[PDB]
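Worth knowing before you read on, the calculation uses all heavy atoms, side chains too, and leaves out hydrogens, waters and symmetry mates. Residue numbers start at 1 and run along the sequence shown.
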Amino acid sequence: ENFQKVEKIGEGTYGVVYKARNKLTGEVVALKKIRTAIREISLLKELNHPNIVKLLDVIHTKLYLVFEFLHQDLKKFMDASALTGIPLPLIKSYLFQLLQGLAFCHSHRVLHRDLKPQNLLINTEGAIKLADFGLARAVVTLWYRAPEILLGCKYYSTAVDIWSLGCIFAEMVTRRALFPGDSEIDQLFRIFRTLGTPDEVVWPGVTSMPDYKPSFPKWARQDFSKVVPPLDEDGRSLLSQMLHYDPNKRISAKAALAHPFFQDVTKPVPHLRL
Ligand SMILES: CC[C@H](CO)Nc1nc(NCc2ccccc2)c2ncn(C(C)C)c2n1
Ligand SMILES: O=C(O)c1cc([N+](=O)[O-])ccc1NCCc1c[nH]c2ccccc12
């Protein structure tokens with residue numbers, strides 16, 4: 001064995017993840033054990049960005065992915081910060097960095113598809129990185145799933161990642177999940193009860209979606225002032241554009257980076273207890 005497993009650090013959406021040390025290198029890494037796709041996965045090795053976890057190596061026998069190791073994830077950090085809240089400048093820095101990562105991978109036609117706080121990794125320097133990409137084909141948490149996925153769209157787009165990141169943004173601010181559904185229909189109806197049941201006016205073609213039913217209850221939209229109360233008007237405007245129902249009207253990552261909310265963005269350092 002080339003890798004001394006330091007500690008099982010959990011279970012990703014596609015396999016088991018270990019903290020490990022290379023015996024003849026000393027390098028400390030994260031090992032994801034899993035289970036054509038070999039070709040596409042391998043390409044990810046030399047597409048690098050500061051806000052994307054580095055893929056170091058791909059090993060086939062059962063499939064192994066060797067990643068750089070980060071010491072905390074955002075769910076843990078959110079939980080550790082729940083009595084006080086994450087300071088707004090750090091929320092804003094993290095959101096800005098995550099949109100840079102998404103803009104990079106979307107510009108290379110790579111989607112994540114399963115963003116959640118557990119797959120956002122942070123370090124002591126104030127960086128945050130996207131991990132646990134849903135790139136295998138290319139109980140489960142539904143809380144961050146975009147409505148077009150839930151309505152059965154087969155060919156959903158980079159917009160699904162903006163939706164997920166919007167839900168995470170809201171959760172950092174309010175310290176409660178925005179849409180904590182426990183079934184696909186509960187997830188959909190939680191979205192509808194907050195943003196209003198979508199119709200052809202705000203989402204042309206929605207009533208043609210594979211899983212759309214005319215029998216869906218018709219809930220009125222609530223106001224974002226009620227949804228993420230603390231957040232200022234710049235923040236609420238950006239969030240509203242990240243949660244547009246119509247994937248074609250939803251803001252892109254590149255466009256979100258230009259939003260006035262980020263005019264005063266900085267890079268604070270988190271207080272991490274490791
Ligand atoms: C905690 C859930 C998260 C799944 O994405 N696991 C995780 N967690 C990582 N670090 C956070 C952590 C450290 C120690 C114990 C538990 C979690 C981590 N670092 C690199 N990677 C690669 C596989 C993407 C990591 N993956
Ligand atoms: O994140 C994961 O855990 C993951 C899982 C699988 N998988 O399950 O087959 C495959 C790849 C994964 N990450 C790649 C990260 C990555 C490096 N450079 C990039 C450039 C653009 C887009 C993404 C990346």
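The residues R190 and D186 are annotated as salt-bridged, a charged nitrogen and a carboxylate oxygen being separated by less than 4.0 angstrom. At a threshold of 4.0 Å, the pair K75-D79 counts as salt-bridged, since one of the basic side-chain nitrogens sits closer than that to a carboxylate oxygen.
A253 is linked by a side-chain contact (heavy atoms from CB on, under 4.5 Å) to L99, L102, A103, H106, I162, counting only residues two or more places apart in sequence or in another chain.
Between the side chains of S237 and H259, at least one donor N or O lies within less than 3.5 Å of an accepting N or O. There is a side-chain donor-acceptor pair under 3.5 Å between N51 and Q97.
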For this session: Decide yes or no on salt bridge (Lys or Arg N to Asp or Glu O under 4.0 Å) for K129 and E68, but give the supporting numbers first.
Result: CA-CA 11 Å; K129 303 189 186 207; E68 69 170 314; 3.2 Å; yes
For this session: Go through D114 and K116 one step at a time and tell me if the salt bridge (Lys or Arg N to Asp or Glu O under 4.0 Å) criterion holds.
Result: CA-CA 6 Å; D114 185 43; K116 50 193 173 284; 2.3 Å; yes
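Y245 places a side-chain N or O within 3.5 Å of a backbone atom of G196 that can act as its donor or acceptor partner. With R250 contributing its side chain and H244 its backbone, the two residues share a donor-acceptor pair below 3.5 Å.
A 6.0 Å sphere centred on CD of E7 holds more than 12 heavy atoms belonging to other residues, nucleotides or ligands. Open room surrounds CH2 on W143; 12 or fewer heavy atoms of other groups in view lie less than 6.0 Å from it.
Both the sub-6.0 Å distance and the 45° axial angle are not jointly satisfied by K32 relative to the ring of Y18.
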